[PDB]
Amino acid sequence: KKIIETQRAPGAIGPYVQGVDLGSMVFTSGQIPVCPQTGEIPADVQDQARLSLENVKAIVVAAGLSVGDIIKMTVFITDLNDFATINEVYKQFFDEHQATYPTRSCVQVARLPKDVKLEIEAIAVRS
Amino acid sequence: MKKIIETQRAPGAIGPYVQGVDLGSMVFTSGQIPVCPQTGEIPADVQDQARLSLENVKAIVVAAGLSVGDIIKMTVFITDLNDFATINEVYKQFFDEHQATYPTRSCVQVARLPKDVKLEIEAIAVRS
Amino acid sequence: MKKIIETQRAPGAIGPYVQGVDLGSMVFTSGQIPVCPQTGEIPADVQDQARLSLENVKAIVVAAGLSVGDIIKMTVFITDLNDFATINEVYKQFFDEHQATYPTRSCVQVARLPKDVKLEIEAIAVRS
């Protein structure tokens with residue numbers, strides 16, 4: 001049960017840690033497209049998708065793991081019109097790390113913290 | 001242990017995901033929607049939709065060497081809580097049919113789901 | 001080891017699910033809504049609702065021989081983000097009171113929750 005803390009993901013606002021490392025398994029919090037330095041949210045969905053993804057990556061790498069060890073994601077979205085765009089980014093993100101795609105759920109919710117267009121949580125394994 | 005689960009008995013991974021992953025001790029499925037594995041059709045009735053997602057979950061869990069009775073956790077994202085009595089009747093019947101202990105569950109009403117399905121079901125199965 | 005968890009300190013199961021599953025290394029809870037185990041009722045105020053879901057989670061985790069400080073991941077499903085600051089405050093004091101480090105967390109606003117409660121909270125806890 002080790003806590004994960006990285007400056008390459010946005011710092012914890014409220015009463016949660018960025019990640020927890022259980023030994024075999026790493027769980028991230030839901031990541032939103034907040035810039036870890038500036039605290040800013042990009043306006044385009046394609047930039048939001050990339051930034052949530054990077055924020056997930058940061059926590060997983062801080063645990064000593066890679067993109068390729070992510071086995072499950074959930075993508076919470078606010079607008080299905082954004083779906084093909086989010087998918088393209090999500091695909092390029094995995095391809096660039098030469099990593100097979102995780103398992104995945106994807107649901108459109110009513111609203112997300114800070115009115116972002118998406119939120120991504122992950123589960124990675126050590127081997 | 002990481003092994004990708006791939007089956008013709010569940011609908012083909014359309015976008016950037018795999019249907020299931022087998023970690024040895026645990027199996028995770030992608031969220032299963034009511035898409036017919038052979039025809040790509042979405043049944044119109046919520047009873048048939050409920051039944052079809054559960055069957056798709058089954059197909060992936062079985063392709064891993066497991067069964068429905070190994071399912072320990074499900075999340076059931078739905079678009080109408082008024083459908084809930086019917087979903088729940090189908091869902092009870094499914095575990096019963098398979099002589100399976102009921103898993104833990106969360107059920108929430110979301111805004112909308114891929115391909116305008118009424119439910120999406122993700123599952124976690126353990127080996128022993 | 002697939003042990004069903006059963007406690008009277010959380011509302012009894014109302015359908016095809018169990019309150020919790022103990023796998024040995026981890027414990028998964030069903031999604032907990034703010035129904036009082038003794039009255040079957042829902043308090044109107046969201047601080048009360050948040051506290052109660054959290055107590056209900058704790059009742060199951062504790063039935064497995066674990067404690068609040070062993071909870072590693074929560075998903076908080078809410079129907080109104082305007083409730084969020086209030087829910088956080090209650091959620092934080094809950095963990096502080098138990099001297100527990102905060103779990104990882106996802107928080108989304110859904111459209112509707114069973115019995116029209118304001119939030120629903122599921123958990124995962126680990127033994128070691």
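Proteins come first, then strands; the chains are lettered A, B, ... in the order of their sequence lines, and each starts at number 1.
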Applying salt bridge (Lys or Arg N to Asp or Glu O under 4.0 Å), name anything that partners B/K73, two or more places apart in sequence or on another chain. C/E122

Need one label for C/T29: side chain, backbone, both or neither, based on atoms under 4.5 Å from any heavy atom in chain B. backbone

Donor-acceptor pair, side chain of C/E41 and main chain of C/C36, under 3.5 angstrom: no

All salt bridge (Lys or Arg N to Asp or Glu O under 4.0 Å) counterparts of B/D70, not counting sequence neighbours: C/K2

In Å and rounded to the nearest 0.5 Å, what is the CD1 to CZ distance from B/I71 to B/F94? 6.0 Å

Atom group of B/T75 that falls short of 4.5 Å from chain C, counting heavy atoms: side chain

May I ask you to say whether C/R51 pairs ionically with C/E97, meaning some side-chain N is under 4.0 Å from a carboxylate O? yes

Which residues from residues 106-113 of chain B are near chain C, with near meaning under 4.5 Å between non-hydrogen atoms? B/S106, B/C107, B/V108, B/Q109, B/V110, B/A111

Treating C/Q19 as the side-chain partner and C/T7 as the backbone partner, does any N or O pair qualify as donor plus acceptor under 3.5 Å? yes

Bottom line for C/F28: the part with an atom under 4.5 Å from chain B's heavy atoms is both

B/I78, part contacting chain C, at a heavy-atom distance under 4.5 Å: neither

Any side-chain to backbone donor/acceptor pair from B/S53 onto B/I121? Under 3.5 Å, distance only. no

Distance-only check: which donor-acceptor pairs under 3.5 Å involve side-chain atoms of residues 54-62 of chain B, not counting sequence neighbours?
residue	atom	partner	partner atom	Å
B/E55	OE1	B/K58	NZ	2.7
B/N56	ND2	B/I33	O	2.9
B/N56	ND2	B/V35	O	3.3

As an exercise: rank C/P114, C/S30, C/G31, C/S25 by heavy-atom pairs under 4.5 Å with chain B and give me the winner. C/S30

